[PDB]
Structure formats: C-alpha cells, structure tokens
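One structure below.
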Ligand SMILES: OC[C@H]1O[C@@H](O[C@H]2[C@@H](OC[C@H]3O[C@@H](O[C@H]4[C@H](O)[C@@H](O)[C@H](O[C@H]5[C@H](O)[C@@H](O)[C@H](O)O[C@@H]5CO)O[C@@H]4CO[C@H]4OC[C@@H](O)[C@H](O)[C@H]4O[C@@H]4O[C@H](CO)[C@H](O)[C@H](O)[C@H]4O)[C@H](O)[C@@H](O)[C@@H]3O[C@@H]3O[C@H](CO[C@H]4OC[C@@H](O)[C@H](O)[C@H]4O)[C@@H](O)[C@H](O)[C@H]3O)OC[C@@H](O)[C@@H]2O)[C@H](O)[C@@H](O)[C@H]1O
Ligand SMILES: OC[C@H]1O[C@@H](O[C@H]2[C@@H](OC[C@H]3O[C@@H](O[C@H]4[C@H](O)[C@@H](O)[C@H](O)O[C@@H]4CO)[C@H](O)[C@@H](O)[C@@H]3O[C@@H]3O[C@H](CO[C@H]4OC[C@@H](O)[C@H](O)[C@H]4O)[C@@H](O[C@@H]4O[C@H](CO)[C@@H](O)[C@H](O)[C@H]4O)[C@H](O)[C@H]3O)OC[C@@H](O)[C@@H]2O)[C@H](O)[C@@H](O)[C@H]1O
Ligand SMILES: [Br-]
Ligand SMILES: [K+]
Ligand SMILES: [K+]
C-alpha cells in the first residue's frame with residue numbers, strides 16, 4: 035500500500051547554479067527559475083519562497099530535471115513551457131521533451147523530442163532557447179543542440195517539428211576533441227527573440243531574431259514570420275551570442291557575446307547594438323574585445339522595460355577579484371560599473387550585500403585577502419534580469435545562489451544598491467552522504483560544492499559549512515555508533531582530497547594526514563568505539579587503516595581501491611567492504627580483510643549498511659535491470675546473505691526507529707516493490723513494505739544518500755541529486 039507522509043526540504047537555501055531567471059512580461063511578481071539538475075521553480079510572493087514544479091519527474095525519466103529553457107507567456111500568464119533533458123552524450127539515455135502547462139506549472143503535459151536536450155551540458159547559460167510569439171501565442175520556437183537546428187510548434191507546444199528553412203544548426207563545441215565525450219557537443223541554436231511590433235494581436239509576428247553558436251554566423255533574422263531566414267548583414271564575427279534582447283521602443287537588438295559557450299569560462303567578447311530601421315551595427319561594449327584590458331566575455335544582458343534606455347550586462351567570466359556588472363542609462367552610449375579600482379588592491383563599490391539569511395555564502399571566510407571580498411558578488415552570472423514591472427528590482431543567478439536588489443535605481447542617483455539572497459525554497463544541492471546520530475543534532479549533510487552542514491534545526495539555514503578542513507564537497511561522513519560525538523568526514527578540496535576528524539560532534543574539527551595518491555574524498559568508515567578509521571580515497575591504489583585517528587595510515591592488502599567500506603555498529607572489531615560482486619569482512623579492526631561472498635550478489639551493487647544495535651546484521655542493495663537486482667540481508671557478519679523475495683529492485687537501504695511494539699528498526703529503501711518504483715518502509719523486517727512517497731514526489735535520480743532517524747519513528751532523510759536534502763514524516 036501507501037501511507038500519507040509530509041515531505042519537506044532540510045533548510046539550506048540554494049547551493050547550486052541557476053542558469054536562468056525568467057520574468058513574465060505582463061504580470062507583476064510572476065517569476066520562474068530554471069536549474070540544470072533540479073527542475074524548475076515558480077516564485078510565490080505571498081510566502082517569499084520558490085515552489086518546485088518538476089518533483090514528479092521520476093526514476094525512468096530522471097533527465098527531465100534538466101531544464102534547458104523556460105518560457106512564460108506574456109499573452110496568457112497561465113501558460114508556461116520548459117525544454118527538458120539533462121545530457122546530450124551517453125549519460126542521459128533519454129531524449130529531451132517540451133513540457134507545456136496552462137496552470138503556471140502546477141500540472142504539465144509532455145511532448146518528447148526526437149533528440150537530446152542538454153540541461154546540464156556546456157552552453158546551458160545561453161538562452162532562452164524557447165520563445166513564444168507575443169502576438170500569436172500558439173506559436174513557440176525552440177533552439178536545439180546537436181545540429182537539430184531550430185524547431186517550432188504552432189499548437190501551444192503540443193506538436194513540434196523542425197523548421198527546415200533554418201539551415202544553420204551551429205558548429206561550435208567547447209572542446210571538439212574531448213576524449214570524455216562531455217565538452218564535444220554542438221551547442222547549436224541558442225536563443226530566439228521576437229520583435230513585438232512586427233505583428234498585432236492574433237497575428238503572426240513577422241520579425242524574429244535567432245542566435246546561433248557559430249562564430250562566423252551568429253545572428254539570423256526572418257522578416258516573413260519564419261518562412262525564410264537570413265544571416266544578418268554586417269554583423270560582427272569571432273564570438274558566440276549568449277543573449278539577444280530586443281527593444282521595440284527604440285527598435286534595437288542588443289547582443290552579448292563571448293568567446294566560449296560558458297558557463298565556467300569566457301576570456302573575450304563584445305556587446306553590440308543592431309538598429310533595425312537602418313541596419314546599423316554599433317559596438318557598445320563597456321570594454322571592447324580589441325582592448326587588452328578585457329579579460330572576459332559578456333552575458334547577463336537585460337533591458338529595463340519600464341525605462342528602455344537602461345540596460346545592464348555582466349562579465350562572463352571574471353573570477354578575480356569578482357564579477358563585474360555594468361549599467362548604462364543611455365542605450366549603451368556609456369556605462370558605469372558596479373565596482374572600481376581605487377589604489378590596488380582597494381576598490382570602491384556601488385553595492386552592499388547582506389547574507390544574514392544565508393550566512394554560509396561567506397564560504398567559511400568572511401575576510402579573504404584584498405582584493406577579494408566574501409561574500410563575493412558572484413560567478414557564472416549568466417542570468418541577470420531587471421524586473422519588467424519594477425525598475426528597482428533585479429535578480430541574478432550565480433554558481434551558488436540567486437541575489438536580488440529592490441533598490442536598483444539608487445545606482446543612478448550615486449547611491450549603493452543592497453543585494454541579498456532570494457533562494458528560500460530553491461533547494462538545489464546534490465547530497466552525497468547523510469547521517470542521523472542518536473544524540474545531538476538531528477542530521478549532518480555531506481554535500482556537493484558547499485561542503486555540508488550540521489543541521490541543528492531543520493527549518494533554519496546553518497551558519498557555516500564544515501571547516502578546518504573546509505571541503506568543496508564532502509563525499510562521505512560517519513560517526514562512532516557507541517560514541518557519536520566522534521565523527522569523520524572525507525572530501526575534496528583545492529588540489530585533491532582530505533579527512534576531517536572530531537570528538538565533539540563537530541564543535542571543532544581538525545584535518546588529518548593523507549595516505550598516498552589521494553585525488554578525491556572517496557568513502558570512509560569509523561569503528562563503533564571510534565578507535566579505527568578505514569578510508570578508501572579517490573585516486574589512491576589501496577584502502578587504508580588509521581589506528582591513530584587520522585595521523586598515520588597503512589595500506590590494507592586484500593581490498594580493491596574504491597571499495598565501499600562500512601563499520602559494524604556494535605563491534606568495533608568488525609568492518610566490511612563491498613566491491614564489484616565481492617563482499618569482504620575484517621574481524622581485526624580493519625588490519626586485514628578476506629572475501630566472504632563472491633557470487634550471488636550483483637556486481638553493480640554498491641550500497642550496504644550495518645544496523646545499529648545489531649552486531650553483524652547487514653543489508654545490501656543494488657543491481658541493474660539487465661543483470662540481477664534486489665535487497666539482501668546478512669545476519670552473520672557478512673558470511674552469507676539472503677535475497678529478500680519481497681523486493682524486486684533496490685538501490686539503497688537504511689534504518690530508523692522501530693514502530694511501537696515492533697522488535698526491529700524500521701527499514702527504508704529506494705527501490706521497486708510489487709511493480710511500483712518509489713520509496714518504501716518496512717516495519718516487519720522486510721516481510722512487507724509501504725510506499726511513503728507518491729507520483730508528485732519522486733525527485734528523479736534520488737537516493738544516493740539516505741538515513742533513517744534512530745530517534746523519530748517514520749522519519750526518512752532523503753538525499754537527492756539537485757533537490758537538496760528532504761525529510762519525510764508519517765502524517
Ligand atoms: O566566496 C567564494 C569562495 O569560493 C571558494 O571556492 C568555492 C566556489 O568556487 C567557485 C568556483 O571556483 C572555481 O575555481 C576558480 C578559481 O576560484 C579561480 O581563481 C580561477 O581563476 C582563474 C581562471 O582559472 C583562469 O582561467 C583565468 O584566466 O584567471 C583566473 C584568475 O586567476 O578560476 C577557477 C575556475 O577555473 C577553471 O574554470 C574555467 C577555465 O577557464 C579554467 O581553465 C579552469 O581552471 C582550471 O581548473 C582545473 C580543475 O577544474 C585546475 O584547478 C587547473 O589548474 C585550472 O587552471 C572552481 O573551478 C569551480 O568548480 C567553482 O564553481 C563551482 O563548480 C561546481 C562544479 O564543479 C566541477 O566542474 C568544474 C571544475 O572546475 C571543478 O573542478 C569540478 O568539481 C558547480 O556545480 C558550482 O555551481 C560552482 O559554483 O564555490 C564552490 C566551492 O566548492 C568552492 O570551494 C574559494 O575557496 C574561496 O577562497 C572563495 O573564493
Ligand atoms: O568528462 C566529464 C567531466 O565532468 C566535469 O564536471 C562537469 C559535469 O559534472 C557532471 C555532474 O554534474 C553534477 O551537477 C552539478 C551541476 O553541473 C552544476 O552546475 C551545479 O551547480 O552543481 C551540480 C552538483 O555538483 C551532478 O550532480 C552529477 O550527478 C553529474 O555527474 C554525472 O552524473 C551522470 C548521471 O549519473 C547520475 O544520474 C543518473 C544515475 O543513474 C547515476 O547513478 C548518477 O550518478 C553520470 O553519468 C552516468 O555515468 C555512469 C558511469 O560512467 C553510467 O553508468 C551511467 O549510465 C551515466 O548515467 C556521470 O558519470 C557523472 O559525471 O557536468 C556538469 C558540469 O557543471 C561539470 O563542470 C568534471 O569537472 C571533469 O573533471 C570530468 O569529470
Ligand atoms: Br578572471
Ligand atoms: K528568448
Ligand atoms: K576570464
């Protein structure tokens with residue numbers, strides 16, 4: 035059966051890249067955001083929070099959490115569309131899709147495309163690829179990747195076909211020779227922009243502009259409602275157009291260019307203005323690419339719709355000391371910048387920043403050496419948007435957050451703007467590991483990109499990610515079952531990898547020494563009494579034991595590198611490892627391991643966990659649909675495992691507080707039971723299961739990290755890859 039649960043995010047606020055923010059041009063406070071791996075959101079002004087729209091994307095169609103583009107209809111603000119799909123290489127096995135809605139994303143229908151959409155590919159900060167005809171709103175265009183060219187729907191997104199008169203599908207890729215097959219894809223047709231004055235209400239807009247990722251042919255135009263297309267005469271060459279923003283008030287098309295597709299790079303570019311009546315092109319770059327002072331391209335182009343001589347553009351990309359934003363109030367004839375050098379390394383600023391609501395955005399150092407400041411203005415700032423209903427509001431995306439101001443026009447009177455994060459409810463992290471100890475804080479997260487946190491209160495943003503050491507990503511975390519204030523975490527930082535240890539539950543950490551060959555965190559296990567650490571780091575040729583709480587290491591000879599390691603939760607002498615269809619057991623506190631199981635368990639399986647309070651009770655989950663699949667359990671310290679016949683497939687497993695009157699902890703799996711995919715609880719040792727999620731709450735490629743709560747019956751900590759860390763409670 036099912037059981038009513040309540041699902042919420044553990045509060046973090048942001049944590050990842052927001053490639054696109056979209057304001058509806060007609061309705062005030064109608065705002066959407068798109069992400070690369072965690073779906074799309076609609077702003078809710080009444081609760082000052084974002085609402086996720088795609089949590090119904092599930093196991094089979096997981097790449098639809100990749101949102102390459104989004105369009106909100108100025109002629110009918112009920113209508114919204116999204117172009118979805120995550121990878122255009124082999125990593126996403128499915129094609130993309132155009133999703134359509136008539137209730138602002140509350141429900142959708144899908145129309146699958148015959149090609150892939152690259153929501154988390156290079157170039158994803160260019161856009162918007164999807165555009166609706168502002169005069170005749172049944173017409174929608176989509177600029178596609180991969181040489182698919184320009185595509186069109188004339189029935190409100192229900193059916194889509196190639197525009198065969200648009201013959202340039204693009205030839206740029208970030209690195210054509212990438213042997214990893216990630217940087218080598220054609221980024222394609224990158225945005226579509228209408229001239230609203232070229233049609234009238236109910237009639238096809240005759241003038242449409244299209245940007246293509248081709249340095250020699252970046253801009254096309256149709257003047258006949260999309261029947262035929264021309265490269266635009268007199269345009270510049272050598273750069274890729276990140277943004278094309280049309281102003282019908284002055285009859286000009288503004289384009290921001292960079293020498294790469296983004297979102298991580300860009301060394302040169304220009305901003306141009308094309309005047310439509312005359313066909314004239316003018317370089318209005320704040321700093322032109324011909325200047326050797328220029329060390330970035332341009333993106334974050336936006337026009338102030340209420341005052342359309344005002345526009346802004348930003349660096350794509352300036353890493354050092356920070357992003358630069360430029361503002362003009364005279365159509366690009368001249369510009370001012372959001373900061374200026376005074377005497378190196380000092381700067382003056384036209385802004386201040388308040389991150390009290392999201393204090394970890396200092397990245398654990400509020401005072402880096404000048405010229406740097408913390409928090410930074412931003413990076414990967416492709417989306418910069420002025421509210422078309424309020425000249426004083428602007429919002430931009432970074433690699434970590436969205437920042438917003440409500441006094442933007444202070445800039446023009448010589449004041450400073452105030453910027454703050456605006457990411458409540460926009461939960462975008464990838465959860466790599468998670469623990470719930472039986473005393474102290476309810477949960478600790480191990481996250482990509484922003485480290486992870488001790489969560490003292492699940493409704494309050496934590497003050498700081500882990501420090502000393504401060505990992506960029508924490509890949510594994512463990513606590514000593516019988517002394518939970520003793521913890522260890524491994525992860526990635528600057529060069530390679532490292533280990534942090536604590537004996538006061540993280541009030542204080544310190545950094546341990548590394549065994550040879552460490553390039554990333556890998557995974558780690560802590561003995562139940564805290565007296566041994568076994569670490570399988572990334573890069574290293576072995577797994578290692580420390581008997582000195584991280585200060586020294588010895589190679590473990592029988593274990594393959596990268597084996598999954600877990601400690602028994604009762605007996606400090608017992609450790610276990612899983613690698614490629616072999617289970618291994620140590621009874622001498624990690625000094626040596628021997629293979630105990632070599633057959634009968636899927637080679638793909640790579641998740642298992644020992645049960646607190648149950649010495650030698652181990653549950654193991656994994657497999658694949660083309661091999662074998664399921665949940666297995668050992669009650670004899672890994673000497674053997676039995677497959678649970680009640681489960682068809684499983685991918686992770688954990689334990690939590692027993693039901694009242696039950697004799698065994700509750701068991702939680704990511705899996706498939708009785709032909710339903712979802713999240714499942716058993717309160718009878720796996721004899722039967724109850725689904726605790728539902729079809730609106732599937733979260734795509736979730737479940738890499740899960741934990742039950744030994745103190746709270748029914749509670750599951752549910753990690754996702756792009757939707758942060760959830761907690762579910764029975765209702
Ligand atoms: O308050 C801010 C706080 O941030 C702390 O760092 C955080 C943070 O990092 C953001 C971002 O940092 C990137 O690194 C920057 C570096 O900080 C810059 O100083 C450097 O400047 C150079 C530039 O490289 C040159 O090309 C240019 O000419 O000069 C400048 C100034 O001298 O840029 C790097 C990024 O450089 C690379 O990307 C662009 C390429 O043009 C360039 O060649 C490439 O550099 C190479 O990169 C490799 C390894 O990748 C290697 O170091 C080479 O030696 C080097 O030459 C990080 O790179 C980036 O990952 C961070 O952004 C997050 O990225 C997440 C995805 O990660 C992966 O994919 C990209 C890859 O680079 C990663 O290795 C890989 O894991 C993404 O999901 C997330 O949304 C992004 O925000 O925020 C995240 C956190 O983890 C960091 O710890 C910082 O410590 C602190 O001091 C303070 O600044
Ligand atoms: O040559 C590759 C290159 O990758 C570079 O990093 C770039 C790259 O990372 C991919 C990862 O992106 C993470 O999302 C981040 C996002 O891009 C940022 O913008 C955001 O701010 O932060 C996000 C979080 O950090 C994302 O979380 C990762 O999941 C993703 O990694 C890839 O995942 C895919 C898909 O697999 C996963 O989903 C499906 C599940 O079934 C699977 O279990 C999941 O792990 C992986 O593809 C799978 O690969 C396996 C084996 O190879 C196949 O069996 C399987 O069929 C296939 O689905 C993929 O392997 C993994 O890479 O792209 C985004 C860009 O932003 C990054 O800069 C590195 O820097 C390079 O060093 C190099 O690795
Ligand atoms: Br730079
Ligand atoms: K567009
Ligand atoms: K640069």
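In the authors' numbering, the protein residues as written are 35 to 765. Don't be surprised by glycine CBs; every beta carbon is placed ideally from N, CA and C.
What do you reckon, is the C-beta of residue i under 8 Å from a heavy atom of ligand 4?
| i | result |
| --- | --- |
| residue 315 | no |
| residue 225 | yes |
| residue 461 | no |
| residue 76 | no |
| residue 161 | yes |
| residue 165 | yes |
What separation, rounded to the nearest whole angstrom, lies between the Cα atoms of residue i and residue j?
| i | j | result |
| --- | --- | --- |
| residue 141 | residue 115 | 11 Å |
| residue 725 | residue 53 | 34 Å |
| residue 375 | residue 346 | 20 Å |
| residue 682 | residue 669 | 21 Å |
| residue 307 | residue 462 | 35 Å |
| residue 684 | residue 704 | 6 Å |
| residue 569 | residue 212 | 32 Å |
| residue 626 | residue 753 | 32 Å |
| residue 134 | residue 146 | 11 Å |
| residue 105 | residue 256 | 20 Å |
With DSSP as the reference, label residue i as helix, strand or coil.
| i | result |
| --- | --- |
| residue 446 | helix |
| residue 580 | strand |
| residue 485 | strand |
| residue 395 | helix |
| residue 282 | coil |
| residue 1 | Outside the displayed range of the chain (35 to 765) lies residue 1, so it cannot be described from this structure. |
| residue 426 | strand |
| residue 99 | helix |
| residue 90 | coil |
| residue 545 | strand |
| residue 389 | coil |
| residue 526 | strand |
| residue 661 | coil |
| residue 220 | coil |
I'd like to know whether the C-beta atoms of residue i and residue j end up nearer to each other than 9 Å.
| i | j | result |
| --- | --- | --- |
| residue 590 | residue 577 | yes |
| residue 297 | residue 156 | yes |
| residue 456 | residue 437 | yes |
| residue 179 | residue 208 | no |
| residue 51 | residue 433 | yes |
| residue 546 | residue 513 | no |
| residue 768 | residue 480 | Residue 768 is absent from the structure shown; the chain starts at 35 and stops at 765. |
| residue 540 | residue 572 | no |
| residue 91 | residue 733 | yes |
| residue 330 | residue 382 | no |
| residue 786 | residue 176 | Here the chain covers residues 35 to 765 and nothing more, so residue 786 does not appear. |
| residue 484 | residue 499 | yes |
| residue 197 | residue 183 | yes |
Measure how close the beta-carbons of residue i and residue j come, nearest whole angstrom, since I'm counting them as under 8 Å.
| i | j | result |
| --- | --- | --- |
| residue 57 | residue 65 | 6 Å |
| residue 419 | residue 553 | In fact, because the Cβ distance is near 39 Å, the residues do not count as touching under 8 Å. |
| residue 538 | residue 519 | 5 Å |
| residue 468 | residue 759 | 6 Å |
| residue 422 | residue 494 | No, residue 422 and residue 494 are not in contact; Cβ-Cβ is about 34 Å, not under 8 Å. |
What I want to know is whether the C-beta of residue i ends up closer than 8 Å to one or more non-hydrogen atoms of ligand 5.
| i | result |
| --- | --- |
| residue 357 | no |
| residue 646 | no |
| residue 329 | yes |
| residue 304 | no |
| residue 247 | no |
| residue 290 | no |
Mind checking whether the beta-carbon of residue i lies closer than 8 Å to any heavy atom of ligand 2?
| i | result |
| --- | --- |
| residue 127 | yes |
Taking 8 Å as the cut-off, is the CB of residue i close to at least one heavy atom of ligand 6?
| i | result |
| --- | --- |
| residue 353 | Summarising the ligand content, the structure contains ligand 1, ligand 2, ligand 3, ligand 4 and ligand 5 and does not contain ligand 6. |
Heavy atom of ligand 1 less than 8 Å from the Cβ of residue i, yes or no?
| i | result |
| --- | --- |
| residue 61 | no |
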